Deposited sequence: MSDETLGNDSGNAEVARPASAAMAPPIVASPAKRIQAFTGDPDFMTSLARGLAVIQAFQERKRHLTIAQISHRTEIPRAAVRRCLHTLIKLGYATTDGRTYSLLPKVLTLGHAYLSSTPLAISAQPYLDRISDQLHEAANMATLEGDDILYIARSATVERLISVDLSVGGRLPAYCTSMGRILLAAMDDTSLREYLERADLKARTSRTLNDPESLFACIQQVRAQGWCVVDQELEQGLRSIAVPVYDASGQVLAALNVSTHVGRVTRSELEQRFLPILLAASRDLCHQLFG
């Protein structure tokens, strides 16, 4: 190797704006201007400028005076959640055990808005469109197995509101993407207590998911196992993966509550 050489009065608007400015960077690989951030967030430019100035002084962002980027310190905000949340902490040995036994990826997600949000994953690579899925990433609820678990937990009025507004695009030719077929699908998921999705999010990808409850019988999250097409038989998901996942969900609930 070569050497190394040389009103609500308690709502704090500026905190809200600063977190929205951080969110404006989602999926933007080129540094951003104030104009772009203001456009995306509908926050006035002068406030965006102050937010960025504050983030820079605190080590969360950087600039050349014209454009702006985030710094790695932003990752420590998510680490504050991961290291203070029993659900995320306790689920990791379970996902690791599921994955070691099945030699497939295992995940846990919650609902955030119209998407599922990954909170913990086993140690396997799962690439969507050759990009690793990761803790903190989001996927649409209507076309994922964990999304359908979490939509099934809604009451019918909330579910219909979601289906009349959501972007139901046909991700593959298999995807259920009209409100009547999604509603009937979600009703069966309720009856079953589990959901299989077969290549409705992307070609080649199959997953099976179950709910995780708290002591009150409320759905806190979903657990799943996710696989590629030629890695499984057609009925292995239900016969092989499902009892493992049901048992893990039951064990995690008992451990926490």
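No C-alpha coordinates anywhere in a stretch? Then put that deposited-sequence range on the list, in order along the chain. Counting from residue 1, the stretches without coordinates are 1-23, 30-39, 291.
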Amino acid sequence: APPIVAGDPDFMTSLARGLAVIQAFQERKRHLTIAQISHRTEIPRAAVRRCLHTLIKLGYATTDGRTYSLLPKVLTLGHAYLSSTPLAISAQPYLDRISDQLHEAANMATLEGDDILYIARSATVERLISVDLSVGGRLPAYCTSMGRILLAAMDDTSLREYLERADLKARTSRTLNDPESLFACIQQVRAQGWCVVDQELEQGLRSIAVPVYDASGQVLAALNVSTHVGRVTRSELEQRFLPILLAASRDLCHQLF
From here on, numbers count along this sequence of modelled residues.
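156-164 versus 70-78 - greater average Cα B-factor per the deposited record: For C-alpha atoms only, the mean B-factor is higher in 156-164.
Higher-scoring stretch by recorded Cα B factor average, 199-207 or 212-220: Here the higher of the two C-alpha B-factor means belongs to 212-220.
Can you tell me which of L151, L117, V125, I89 has the maximum CA B-factor listed in the PDB entry? Within the set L151, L117, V125, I89, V125 shows the top C-alpha B-factor.
Which one, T110, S130, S83, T175, has the peak C-alpha temperature factor per the PDB entry? Max CA B-factor in the entry, restricted to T110, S130, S83, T175: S130.
Could you look up the Cα B-factor of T41 in the entry and say which third of the chain it sits in: lowest, middle or highest? Middle third, going by the recorded CA B-factors of the chain.
State the tercile, meaning the lowest, middle or highest third, of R138 with respect to the CA B-factors recorded for its chain. Lowest third, going by the recorded CA B-factors of the chain.
Please place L102 in the lowest, middle or highest third of its chain according to the CA B-factor in the PDB entry. Within its chain, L102 is a highest-third residue by C-alpha B-factor, going by the deposited values.
Lowest, middle or highest third - CA B-factor, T63: Middle third - that is where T63 ends up once the chain's C-alpha B-factors are sorted.
Using the temperature factors of the C-alpha atoms in this entry, rank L15 within its chain: lowest, middle or highest third. It belongs to the lowest third of the chain when residues are ordered by C-alpha B-factor.
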